[PDB]
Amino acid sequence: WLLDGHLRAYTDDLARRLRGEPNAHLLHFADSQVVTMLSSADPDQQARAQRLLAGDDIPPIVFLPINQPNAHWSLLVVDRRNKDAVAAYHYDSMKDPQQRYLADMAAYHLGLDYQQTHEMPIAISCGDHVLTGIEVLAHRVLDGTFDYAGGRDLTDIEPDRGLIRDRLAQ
């Protein structure tokens, strides 16, 4: 399975690849350890996490990898371009209630209403699903098609483990 550092490697490389593209500045690929810190019992960990993920300089389309430790990856996506109508999406390839709880704690700690988060199907290896979800959605933000009806759907995606491994190689 993929560690936090692999997802960070991949999202750092992706951010490099998307540099200077239309709308690339709207995106923030959260560091997964920082997402985990949102729910820390240490107040300074949580606060720093909030600054890094919900500060006034943090881009409005945020991809949050959700780590169940040595268990399971899922993806929370927050679109707060409209501060009066924040939209949130939870993609989980999969159910006991823990994964959605983590996604809900993350939403709660970013100042959101967790009840509003849409539970989204994905690819109806969970690490690979998250990275593929990020890749696909990011490109939809770039080309504008993210905002069409159905533009956040990942039901049918097929992670290319090879591409992933070859992108993690470079």
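In case it trips you up, residue 1 is the first one in the sequence shown, and so on.
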| item | value |
| --- | --- |
| Deposited residues omitted from coordinates between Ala41 and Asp42, as a class | none |
| Extent of unmodelled deposited sequence, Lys95 relative to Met94 | 1 to 3 |
| Mean C-alpha temperature factor, higher of 17 to 25 and 154 to 162 | 154 to 162 |
| Given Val136, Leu112, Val34, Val62, the residue at which the Cα B factor reaches its maximum | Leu112 |
| Lowest, middle or highest third - CA B-factor, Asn82 | middle |
| Modelled-residue ranking by C-alpha temperature factor, third containing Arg8 | middle |
| Third of the chain's Cα B-factor distribution that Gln68 belongs to, per the entry | highest |
| Among modelled residues of the same chain, the CA temperature factor third for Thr132 | lowest |
| Chain-wide C-alpha B factor ranking for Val141, given as lowest, middle or highest third | lowest |
